[PDB]
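Structure record follows, encoded as structure tokens.
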Amino acid sequence: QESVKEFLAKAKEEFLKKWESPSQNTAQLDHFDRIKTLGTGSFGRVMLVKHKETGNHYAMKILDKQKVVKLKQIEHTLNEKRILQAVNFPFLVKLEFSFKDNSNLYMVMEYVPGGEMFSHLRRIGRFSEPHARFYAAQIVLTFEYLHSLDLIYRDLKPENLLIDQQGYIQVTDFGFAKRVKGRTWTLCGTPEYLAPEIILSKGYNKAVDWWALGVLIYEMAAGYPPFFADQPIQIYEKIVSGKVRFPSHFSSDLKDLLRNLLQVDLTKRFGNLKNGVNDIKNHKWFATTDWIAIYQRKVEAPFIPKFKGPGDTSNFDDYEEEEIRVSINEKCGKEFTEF
């Protein structure tokens, strides 16, 4: 409908204004108190912090510049911040401030206290089809938004979907997101979610995000991913074969949708045909979904996470607490000039 076309035209205008003129240097470290480490990786961490004057809580992602350089993540880190400061959609975590110092890069996000979808899925075992469909619809609308801005996301997996106080999704971690008109070539993503054309080192496109949506829906409704194996080389063999076995408890509509998203030939894959996202939105599995009501957050969620307040960390786990050190000498200044 023209109403959807005009919504996406405005969304792209607002994105491009911030993309061309990015905000920089909008807070500093000593404006915040550190509370707890919420998760950790190769070159970065995420910490719960509290702003000292307003009392608001935030999730602060901290990247060590020297480690970003050594793990060959310069361009990816610059993509992450420039995209996050320019987007705006109900199911994306919001960036509130960004800054750098002699040692680190910082992205300060709104804190979502309900935890990762991954924790809730593994607790309960699997989601019913209605529960999986409520989350899937939010991912379909978010990919329709991002792809209309020429953005590929490239990191869909249950750990990157946080559950908010209303039981809706907020997508976090734009470390592999990129603005792409046409093809791109980098190997990135978690093994169980990789499309065949990434494994085979091709020039690939936004169709890899619709493949990853098929893996996510399968894992939500089964409890485990479709190409599961003990080591990556065996996972990759299963993916490129694309043979998939479905549990008997899956509906016939779910099986049919998943055969069309987990299509090895990217030129035949739902989301990547002449009708684009509408082949997914009009599929029988989504017949009960009110797309407008989902966007407006008017549907009652299947599940509300248990937590005590905006500073509660009980839905996240425990990590060794390490210093946030800042050198007296500036490191890697040239590489990160635009941040």
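Numbers here simply count residues along the sequence, with the first being 1.
- With hydrogens and angles disregarded, no donor-acceptor distance shorter than 3.5 Å links the side chain of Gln263 to the backbone of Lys268.
- Open room surrounds CZ on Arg126; 12 or fewer heavy atoms of other groups in view lie less than 6.0 Å from it.
- Put simply, the residue from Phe143, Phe270, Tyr204, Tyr193 that forms a ring-ring contact (aromatic ring centres under 6.0 Å, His included) with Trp210 is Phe143.
- In this structure, the side chains of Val180 and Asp150 stay at 4.5 Å or more apart for every pair of heavy atoms.
- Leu141 has its side chain within reach of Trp291: a pair of non-hydrogen atoms, C-beta onward, lies under 4.5 Å apart.
- With hydrogens and angles disregarded, no donor-acceptor distance shorter than 3.5 Å links the side chain of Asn25 to the backbone of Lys100.
- Listed here is the closest heavy atom pair of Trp285 and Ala136: CZ3-CB, 4.1 Å.
- Between the OG atom of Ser119 and the CD atom of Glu116 there is a distance of 5.0 Å, given to the nearest 0.5 Å.
- Contact check for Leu262 versus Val215: side-chain heavy atoms found under the 4.5 Å cut-off.
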Checking side-chain contact (heavy atoms from CB on, under 4.5 Å) for the pair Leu258/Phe246: CA distance, chi angles, key distance, verdict? CA-CA 9 Å; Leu258 295 174; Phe246 296 114; 3.7 Å; yes
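- Each of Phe176 and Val171 belongs to its own hydrophobic cluster when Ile, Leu, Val, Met, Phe, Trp and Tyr are linked at side-chain heavy-atom distances under 4.5 angstrom.
- Counting only heavy atoms from C-beta outward, the side chains of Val208 and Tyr153 never approach each other to under 4.5 Å.
- Inspection of the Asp317 and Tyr319 side chains reveals no N or O donor paired with an N or O acceptor under 3.5 Å.
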How far apart are the C-alpha atoms of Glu335 and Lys65, what are their side-chain angles, what is the distance that settles it, and do they pass the side-chain contact (heavy atoms from CB on, under 4.5 Å) test? CA-CA 9 Å; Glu335 284 78 8; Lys65 288 186 272 173; over 6 Å; no
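- Ring planes of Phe227 and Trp211: parallel class, angle under 30° (limits at 30 and 60°).
- Remark: the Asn160 side chain and the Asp155 side chain contain an N/O donor-acceptor pair separated by less than 3.5 Å.
- The minimum heavy-atom distance between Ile294 and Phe91, with the atom names listed, is O-CZ, 3.4 Å.
- Rounding to the nearest 0.5 Å gives a distance of 7.5 Å between SG of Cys332 and CD1 of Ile74.
- Judged by distance alone, the side chain of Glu197 and the main-chain N or O of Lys202 form no donor-acceptor pair under 3.5 Å.
- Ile83 places a side-chain heavy atom less than 4.5 Å from the side chain of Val87.
- For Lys281 and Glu144, the salt-bridge test passes: some basic side-chain N is under 4.0 Å from an acidic carboxylate O.
- Geometrically, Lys81 engages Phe339 in a cation-pi contact, judged by NZ or CZ lying under 6.0 Å from the ring centre and within 45° of the ring axis.
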Kindly determine whether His57 and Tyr111 satisfy ring-ring contact (aromatic ring centres under 6.0 Å, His included), including the steps that lead there. CA-CA 6 Å; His57 290 90; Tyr111 175 54; 7.1 Å; no
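- By the 30° and 60° cut-offs, the orientation of the rings of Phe127 relative to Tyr135 is perpendicular.
- Note that NZ of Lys157 and CD of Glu159 are 5.5 Å apart. Values are rounded to the nearest 0.5 Å.
- A distance of 9.5 Å separates NE2 in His147 from CG in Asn272, rounded to the nearest 0.5 Å.
- Between the side chains of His283 and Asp256, at least one donor N or O lies within less than 3.5 Å of an accepting N or O.
- Side chains of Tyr218 and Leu261 form no contact here, defined as non-hydrogen atoms less than 4.5 Å apart.
- Of all heavy-atom pairs spanning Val140 and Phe286, the tightest one is CG2-CZ, 4.2 Å.
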Determine whether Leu8 and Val4 satisfy the following criterion, side-chain contact (heavy atoms from CB on, under 4.5 Å), listing intermediate values before the conclusion. CA-CA 6 Å; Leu8 293 171; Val4 174; 4.2 Å; yes
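- A donor-acceptor pair is defined here as one N or O able to donate and one able to accept, closer than 3.5 Å; no such pair exists between the side chain of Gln73 and the backbone of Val69.
- Under the 4.5 Å side-chain heavy-atom criterion for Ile, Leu, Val, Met, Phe, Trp and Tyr, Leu146 and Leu266 are members of distinct hydrophobic clusters.
- Between the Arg45 side chain and the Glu322 main chain, a donor and an acceptor come within less than 3.5 Å of each other.
- A distance-only check finds no donor-acceptor pair linking the side chain of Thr37 to the backbone of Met47 [under 3.5 Å].
- When the side chains of ILVMFWY residues are joined at heavy-atom separations under 4.5 Å, either directly or via intervening members, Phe316 and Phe118 end up in two distinct hydrophobic clusters.
- Under the 4.5 Å side-chain heavy-atom criterion for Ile, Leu, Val, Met, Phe, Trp and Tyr, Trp185 and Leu151 are members of distinct hydrophobic clusters.
- In this structure, the side chains of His120 and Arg122 stay at 4.5 Å or more apart for every pair of heavy atoms.
- Relative to the six-membered ring of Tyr168, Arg297 meets both conditions, a distance below 6.0 Å and an angle of at most 45° to the axis.
- Between the side chain of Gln85 and the main chain of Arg82, a donor-acceptor pair closer than 3.5 Å is present.
- Between the OG atom in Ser42 and the CG atom in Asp64 there is a gap of 11.5 Å [rounded to 0.5 Å].
- Counting only distance, with no hydrogens or angles, the side chain of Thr186 and the backbone of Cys188 share no donor-acceptor pair below 3.5 Å.
- A donor atom on one side chain and an acceptor atom on the other are found under 3.5 Å apart for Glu129 and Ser251.
- For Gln170 and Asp164, the side-chain atoms include at least one donor-acceptor pair closer than 3.5 Å.
- No side-chain donor-acceptor contact under 3.5 Å links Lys52 to the backbone of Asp33.
- Under a hydrophobic-cluster definition in which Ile, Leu, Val, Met, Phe, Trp and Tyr are linked whenever side-chain heavy atoms come within less than 4.5 Å, directly or via other members, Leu161 and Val299 are assigned to the same cluster.
- Residues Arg269 and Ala195 come closest through the heavy atom pair NH1-CB, 4.3 Å.
- Between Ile324 and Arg34, the closest heavy-atom pair is CG1-NH1, 3.7 Å.
- Side chain of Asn275 to backbone of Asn278: no donor-acceptor contact under 3.5 angstrom is found.
- Rounding to the nearest 0.5 angstrom, the gap separating the CG atom in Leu29 from the CE atom in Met60 is 5.5 Å.
- Between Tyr295 and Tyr145, a ring centre-to-centre spacing not shorter than 6.0 Å is recorded.
- Using modelled atom types, one finds no donor on one side chain facing an acceptor on the other under 3.5 Å when comparing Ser148 with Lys12.
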Under the salt bridge (charged side-chain N to carboxylate O under 4.0 Å, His left out) rule, what do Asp318 and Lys36 come out as? Steps first, then yes or no, please. CA-CA 9 Å; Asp318 302 329; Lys36 192 175 202 294; 2.8 Å; yes
Test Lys178 against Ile152 for side-chain contact (heavy atoms from CB on, under 4.5 Å), laying out the working first. CA-CA 6 Å; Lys178 184 181 182 183; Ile152 313 179; 5.6 Å; no
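- The two residues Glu80 and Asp173 have their closest heavy-atom pair at OE2-OD1, 3.9 Å.
- Under the 4.5 Å side-chain criterion, counting only non-hydrogen atoms from C-beta, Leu200 is in contact with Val240.
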